[PDB]
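Chemist: After the structure tokens below, expect a handful of questions from me.
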Amino acid sequence: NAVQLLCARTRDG
Amino acid sequence: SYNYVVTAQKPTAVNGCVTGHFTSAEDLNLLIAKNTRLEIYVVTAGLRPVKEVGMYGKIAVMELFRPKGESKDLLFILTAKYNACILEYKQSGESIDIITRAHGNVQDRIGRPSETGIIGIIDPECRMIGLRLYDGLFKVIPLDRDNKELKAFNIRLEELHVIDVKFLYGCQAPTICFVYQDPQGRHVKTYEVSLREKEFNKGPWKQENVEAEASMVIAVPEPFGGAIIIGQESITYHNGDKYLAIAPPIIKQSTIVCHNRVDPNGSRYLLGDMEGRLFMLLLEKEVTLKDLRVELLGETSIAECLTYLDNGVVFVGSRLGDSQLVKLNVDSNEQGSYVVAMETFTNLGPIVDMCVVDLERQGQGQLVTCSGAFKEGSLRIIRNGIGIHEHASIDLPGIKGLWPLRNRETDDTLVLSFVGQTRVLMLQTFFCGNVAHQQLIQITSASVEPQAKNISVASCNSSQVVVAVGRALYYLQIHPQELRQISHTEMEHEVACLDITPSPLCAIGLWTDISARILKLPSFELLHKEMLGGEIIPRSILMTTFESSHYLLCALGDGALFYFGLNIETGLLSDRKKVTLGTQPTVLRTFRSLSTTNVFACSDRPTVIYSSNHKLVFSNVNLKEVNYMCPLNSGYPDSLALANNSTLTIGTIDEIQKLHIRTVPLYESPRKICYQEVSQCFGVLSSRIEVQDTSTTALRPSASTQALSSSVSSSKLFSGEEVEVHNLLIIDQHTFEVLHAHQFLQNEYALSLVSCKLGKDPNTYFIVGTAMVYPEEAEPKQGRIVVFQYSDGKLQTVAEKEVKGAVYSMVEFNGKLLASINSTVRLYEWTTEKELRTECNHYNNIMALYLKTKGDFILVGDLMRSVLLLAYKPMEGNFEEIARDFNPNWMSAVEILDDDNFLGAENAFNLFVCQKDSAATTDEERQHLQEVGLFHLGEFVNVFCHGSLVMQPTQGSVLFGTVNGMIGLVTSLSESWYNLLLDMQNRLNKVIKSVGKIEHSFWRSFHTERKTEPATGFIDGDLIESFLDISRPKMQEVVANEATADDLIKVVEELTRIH
């Protein structure tokens, strides 16, 4: 899911 | 286009930590990897710092090892750009070098960089290094002392999806043990590695199946032998025919991410966990192995690495929160925690958003970040400088010196001095003090006494006194009533200044040879004369001690300072460095902060001198001008008395740092921030995790759960599992108390927040772009824009606007509302009926993640199709697509420098700058934005914003914050300046020893997997500023072409005043 993937990436989680 | 990048705050997050015997055989070291920085400590009883270095690469791999017949351990480092090296620690005296034993680039140009990224492992017998860089390959660096360029051979691995690898202990030939994935599930295979036949022979145990989510492999040392495989429900032990398997209920509810061997035999292991819990893994021997146990120790911050030190002390390295030193206790506390925090190291964390505010409404900016994630998330208020808090300020003019006076503990008196006069305070004079036995000293314009002559310069400590009458010196000693004269000398020139800080030596500054000299005492004889050069006399001189080393400091009348290394027995002056600080003459004075002595320099740029990395740092006091100063206890204790030109002042002083960071914990992930000045408060988007109930609850109290006003969304539009619950937080600008929390709908994420006015409406709103987020769907198909106004006390929902996608970005645009809705850019107007109506939009996107505007122009950063430039044609009421960069850059952040120059960060840690082509055949040559500057940052950038931390040769100023916590600055250069800097960029490379012998040009090269170009239009300010910290012998290697070294000091200094 793009929004979660993006939210994760901003953490670099 | 000519830009200059420099670091304002080094990266704070911890990628890696390793423990061993690196500095000596008997020292126990902690090595910490921040991104490009390697920290070296010695373990005390705390941590004594010894050496911080920087590399030209992101440290991807770092482990210590010790070959046969090696005095101490060697360090293996691998960067993400695939630079390998082996470093040794050599300390030949006062000097410390990280010297490169071997080095080489181990990249292949055929290769799929994998999920789980780089893995770097070393054999127990230290015969070999193993790397997993790409899928289906396995690279091997054979570790005989001959191979010094680190030449490597690849073995082809038939397993195309490897999760973890370790080398095992107790194996004849070297053996790797690894978990991989095909269909069918996840498995454990073992191969032996032949060095002489060069490929894989089959291993000890056969291929076993493991858990669907088995993710970590621990290799147990030889008393036990095998491999431990950590997964989500189970921990298992594997050794040939041995298989033990525990599945404890505790570890179900969160994932284990890091581990560390505690007891060397392997009986005990620490386990770290995504929600911050610490476990002990206990192997119970019976040299068989009977059972595995898991015991819960306590909570730490969320661990990226873990490393046991000695004696129950664990270092917890975080990347999402502050790093910490914690103590493991035999006995639980009142709440069942065996964990106890000892020290805490600030991580500005993942910076996910920030803004620049003049909070203390003067002219100096403060950064306010969104830092961290989950329970570690916070706001950080970041202020440049060292502040002093006033407690009283008598408006008294003049004042040409002051001193504090103490018979027990407290300071009591405070003596002042004025032309030819002397007033003394509890609400001319050269010194006032507390001396041996009883009595206090006082030294006037003429005599405490000589032969009708006037004392011109004084100096004193607890037991000795030196005065100067013209060029004559006298040596006094303090004895149980009045002062007996010891020595007498005449200097060749007039004495200017004098210091005898404890006493076998005497520092002296003279009047016509511009000299600073060390004299023996009592002999007065000359141990060392140093010509300072120039034609301005010294004004104050001072010897002191910074972090165990000895120094001389001499302020000149032009605001320059000199500083040398003092011997204290030889009195020799070494390693002359010269620092500009202000324009008027500086007065030096010692004071104490923690358990350190620093120096307060008084000029029109007040400065505190101290020692960080056994180098001396200079840091500004956030005060207009200070002329004299002294430490106090009497305004009252632990203080500083400070006189300026036209009034006095007393107060406390901040921590002695370049940056002051105030920290506001939230206990949830903040995601976006913006200041709304008319409400004097902050809007912050945040989310918290909640878990499927017996009915959704909340794991711990958070900022949203404990606001000082609540509200929940009202809207009827869309009529142990975990889930994010989002909120808008209203935050008092002064107290940073969470004033109000508004909660959004179930499964609505707030992704974007603005604080603007719209239309002719006089109100100031908070506007929130949201998205309806279901793990099943790929992109969202519903979201909304919501218009809140912070009335008083509480938020009221003013407007609502349903849209058909995620609202990734929003910006105020010319009285209207620009928004990205999930691959569409849209422009909203604000009606007199308090409603958003569409004006125009643009669909030539893939995912418009990032907007910024200027005038009628709009910068659109896309998911994958780089950047493009749009205009609002105000007559036609339309969008006009002006130009576009035709490169496949996966954007992270975007910013408009000026109307012709656009800056961007991509997901490969690179920066670029795009320009409008100013060429003929407009329709296509002017529709293409040309990349005009490339630069590899080494960091992932989340946010640009315009602003500056500094103001109480360059133009413009853009700050940026990164996932790793580094705060950075970008500025524009004149072409005159870029060429000069680019010049001495390449002169500095020839002179600066680079750790791992990585070439700087290679480091900063622009690099994806598509292409690798060299950096252009970009100056590495970190590299330009390193000019100040080298030899003057090597400085002159860098000035061959009318230039002088002392002239470039001036240039590089002026540029350090930028951040």
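By convention here, the chains of the structure tokens are called A, B, ... in the order presented, each chain's residues are numbered starting at 1, and ligands are numbered starting at 1 in the order presented.
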Residues of chain A within 8 Å of chain B: nearest atom pair and distance (Å, one decimal) for each, counting only C-alpha atoms, sorted by chain and number, as a tab-separated table?
Modeler:
```
residue	atom	partner	partner_atom	distance
A:1	CA	B:778	CA	4.2
A:2	CA	B:779	CA	5.4
A:3	CA	B:779	CA	7.1
A:4	CA	B:773	CA	7.9
A:10	CA	B:352	CA	6.2
A:11	CA	B:350	CA	5.7
A:12	CA	B:963	CA	6.7
```
Chemist: Quick one: of B:890, B:965, B:148, B:960, who's nearest to residue 6 in chain A, counting only C-alpha atoms?
Modeler: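 Closest to residue 6 in chain A of all the choices is B:890.
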Chemist: For the strand (DSSP E or B) assignment from backbone DSSP, which residues of range 595-814 of chain B qualify? Please present them as an MDAnalysis selection string.
Modeler: chainID B and resid 597:602 607:611 616:621 628:632 639:643 650:653 659:665 669:676 681:691 710:712 722:732 738:743 748:756 765:772 783:792 794:803 807:813
Chemist: Quick one: everything within 10 Å of residue 810 in chain B, counting only C-alpha atoms, minus sequence neighbours fewer than 5 positions away in the same chain. Send it as a JSON list (two decimals) with N, CA and C atoms, in the first residue's frame.
Modeler:
```json
[["chain", "number", "residue", "atom", "x", "y", "z"],
["B", 751, "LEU", "N", -1.69, 13.13, 6.22],
["B", 751, "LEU", "CA", -0.43, 13.09, 5.49],
["B", 751, "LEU", "C", 0.18, 14.45, 5.20],
["B", 752, "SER", "N", -0.56, 15.53, 5.44],
["B", 752, "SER", "CA", -0.15, 16.84, 4.95],
["B", 752, "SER", "C", -0.92, 17.91, 5.71],
["B", 753, "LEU", "N", -0.21, 18.96, 6.10],
["B", 753, "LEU", "CA", -0.79, 20.00, 6.93],
["B", 753, "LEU", "C", -0.27, 21.37, 6.52],
["B", 754, "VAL", "N", -1.18, 22.33, 6.41],
["B", 754, "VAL", "CA", -0.86, 23.72, 6.11],
["B", 754, "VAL", "C", -1.46, 24.63, 7.19],
["B", 767, "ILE", "N", -5.18, 23.29, 7.82],
["B", 767, "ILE", "CA", -5.79, 22.50, 6.75],
["B", 767, "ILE", "C", -5.06, 21.18, 6.66],
["B", 768, "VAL", "N", -5.83, 20.09, 6.63],
["B", 768, "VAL", "CA", -5.27, 18.75, 6.78],
["B", 768, "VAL", "C", -5.67, 17.89, 5.60],
["B", 769, "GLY", "N", -4.70, 17.35, 4.91],
["B", 769, "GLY", "CA", -4.95, 16.41, 3.82],
["B", 769, "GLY", "C", -4.80, 15.00, 4.34],
["B", 785, "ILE", "N", -9.90, 16.57, 2.45],
["B", 785, "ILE", "CA", -9.28, 17.79, 2.95],
["B", 785, "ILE", "C", -10.21, 18.38, 4.00],
["B", 817, "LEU", "N", -5.64, 27.09, -2.53],
["B", 817, "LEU", "CA", -5.11, 25.88, -1.90],
["B", 817, "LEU", "C", -4.67, 24.89, -2.98],
["B", 818, "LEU", "N", -3.36, 24.75, -3.14],
["B", 818, "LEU", "CA", -2.80, 23.75, -4.04],
["B", 818, "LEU", "C", -2.71, 22.41, -3.32],
["B", 819, "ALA", "N", -3.06, 21.33, -4.03],
["B", 819, "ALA", "CA", -3.06, 20.00, -3.44],
["B", 819, "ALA", "C", -2.73, 18.93, -4.47],
["B", 820, "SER", "N", -2.04, 17.89, -3.98],
["B", 820, "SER", "CA", -1.80, 16.65, -4.72],
["B", 820, "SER", "C", -2.77, 15.59, -4.23],
["B", 821, "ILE", "N", -3.61, 15.10, -5.13],
["B", 821, "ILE", "CA", -4.51, 14.01, -4.79],
["B", 821, "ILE", "C", -4.08, 12.83, -5.63],
["B", 825, "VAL", "N", -2.60, 16.95, -9.51],
["B", 825, "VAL", "CA", -2.35, 18.22, -8.83],
["B", 825, "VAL", "C", -3.55, 19.13, -9.06],
["B", 826, "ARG", "N", -4.08, 19.72, -8.00],
["B", 826, "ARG", "CA", -5.34, 20.44, -8.06],
["B", 826, "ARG", "C", -5.25, 21.78, -7.34],
["B", 827, "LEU", "N", -6.04, 22.73, -7.82],
["B", 827, "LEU", "CA", -6.05, 24.09, -7.28],
["B", 827, "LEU", "C", -7.45, 24.43, -6.80],
["B", 849, "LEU", "N", 4.12, 13.53, -5.12],
["B", 849, "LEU", "CA", 4.36, 13.44, -3.68],
["B", 849, "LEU", "C", 4.69, 14.77, -3.04],
["B", 850, "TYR", "N", 5.27, 15.70, -3.81],
["B", 850, "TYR", "CA", 5.97, 16.84, -3.24],
["B", 850, "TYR", "C", 5.66, 18.09, -4.05],
["B", 851, "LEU", "N", 5.11, 19.12, -3.39],
["B", 851, "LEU", "CA", 4.90, 20.43, -4.01],
["B", 851, "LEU", "C", 5.63, 21.53, -3.25],
["B", 852, "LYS", "N", 5.99, 22.56, -4.01],
["B", 852, "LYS", "CA", 6.54, 23.82, -3.53],
["B", 852, "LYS", "C", 6.17, 24.86, -4.58]]
```
Chemist: Show which residues sit within 10 Å of residue 303 in chain B, as a PyMOL selection string. Count only C-alpha atoms, and ignore same-chain residues fewer than 4 positions away.
Modeler: chain B and resi 14+256-259+271-278+315-324
